[PDB]
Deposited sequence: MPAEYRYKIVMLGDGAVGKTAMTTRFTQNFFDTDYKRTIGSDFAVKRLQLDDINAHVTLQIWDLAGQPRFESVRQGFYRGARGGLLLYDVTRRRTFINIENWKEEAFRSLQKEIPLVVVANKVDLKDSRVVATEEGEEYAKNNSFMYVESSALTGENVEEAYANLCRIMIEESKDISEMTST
């Protein structure tokens, strides 16, 4: 039987960067320009199997008060829109907000979203890689529209959170 893990994660980033679209792509495996997100739902749920380690993860994916939004989160995706430089500048403010609300660091994966929009891209790959490296975060280029690397971003975060759970088990078992 697989090992079982459960985590709440948060989607972070400025408005219109694709937080809802990425969550819909991951949980419902489609994209719709006219998707209507409803106010009557704090989070989506995904159950994910990781073959490499025979582990099953149940995720609650929260997407925008602030205190309740962050409370209990064990990880997050930190998104920007590669076509809008202001959304990239603001990822640091989102990281700081999350860490201040939780009073601890949690793992974040930096997600450069909308990479399918090649002709209007303004934030270069190397800029995002550098920001992530400076914070020891992983970096993923994604498109909710095409699906490119969307599952990969969430799976990467899941593996990090599992390794942290294991670390904590060892610390409590000395």
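*Missing C-alpha runs, given along the deposited sequence, first residue counted as 1*: Sequence range with no C-alpha atoms is 65 to 72 alone.
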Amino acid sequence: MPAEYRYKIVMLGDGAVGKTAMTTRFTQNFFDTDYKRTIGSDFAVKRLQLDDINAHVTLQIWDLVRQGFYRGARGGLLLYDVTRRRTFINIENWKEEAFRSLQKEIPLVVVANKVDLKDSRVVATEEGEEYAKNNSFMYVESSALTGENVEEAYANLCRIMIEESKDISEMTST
From here on, numbers count along this sequence of modelled residues.
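*Got a sec? Mean C-alpha B-factor, which is higher, 72 to 80 or 89 to 97?*
According to the PDB entry, the answer is 89 to 97.
*Of 159 to 167 and 5 to 13, which one has the bigger average CA B-factor?*
Result: 5 to 13.
*For the C-alpha B-factor as written in the entry, point me to the maximum among 144, 53, 111, 132.*
Out of 144, 53, 111, 132, the record gives the largest C-alpha B-factor to 53.
*Per the entry, which of 115, 44, 140, 57 tops the list for Cα B factor?*
Answer, based on the entry's C-alpha B-factors: 44.
*If you rank every modelled residue in this chain by C-alpha B factor, which third holds residue 149: lowest, middle or highest?*
Lowest third - that is where residue 149 ends up once the chain's C-alpha B-factors are sorted.
*With respect to C-alpha B-factor, does residue 62 fall in the lowest, middle or highest third of the chain as deposited?*
It belongs to the middle third of the chain when residues are ordered by C-alpha B-factor.
*Mind checking which third residue 29 falls in for C-alpha B-factor across the chain?*
As the PDB entry reports it, the C-alpha B-factor of residue 29 lands in the middle third of its chain.
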